[PDB]
């Protein structure tokens, strides 16, 4: 199984630092979390192709123009539970992708996953900070917890909205992913759709019981994604 992995990095102190994952949906578009972007910082995207969990070839490093960052207009970092934690990043040039990997598909607008749906997260378990990409990738099964279950009082209660997906919160943790990292799920036909970008976790961190990682439901923002991509 081949994938393209994303690291979004910002410059400080004459070096770039990993801040979020993201999902390469087009050779020059990345979907990530809005919380990942301040348009004041200088950004670059580092890409790396993985066969299974093994890095193949060389990383590609692509600078980003301020204004090629498209944060959702309703995103407000002072209110994570208000949702809308989603952003598009247009690469300043197209990544060179070859043709090993079928890029993750945008899910059908309004698509809601069934309770216990098998989805997966991949990433560097937030241990990658900058520099040469890790030669290995972490991947894990995070079954979804539908709104009805996720909003139980002892789970996320009234904190979650229906524009969010919860996944995990039991024995398996979501610590293998990254901030802004994608939640991928297998379509009927068998493709992979990005169903979520990682938004938030409990105050106690990833892997806390009954507090699944909460993802921005990408299927609730299709309109804005299309309209944004088509305009730029």
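Residue numbers count along the first chain shown, from 1.
- For the pair 116-124 and 80-88, the record assigns the higher mean C-alpha temperature factor to 116-124.
- According to the PDB record, 221-229 carries the higher mean C-alpha B-factor of the two stretches 4-12 and 221-229.
- Note on the listed residues 44, 38, 202, 198: the highest Cα temperature factor in the record is that of 38.
- When the C-alpha B-factors of 34, 48, 182, 174 are read from the PDB record, the largest value belongs to 174.
- For residue 130, the recorded CA B-factor ranks within the middle third of the chain. Only modelled residues enter the ranking.
- When the modelled residues of the chain are ordered by their C-alpha B factor, residue 161 lands in the lowest third.
- Among all modelled residues in this chain, the alpha-carbon of residue 145 has a temperature factor (C-alpha) in the lowest third.
- Annotation for residue 66: C-alpha temperature factor in the highest third relative to the rest of the modelled chain, per the entry.
- Among all modelled residues in this chain, the alpha-carbon of residue 187 has a temperature factor (C-alpha) in the highest third.
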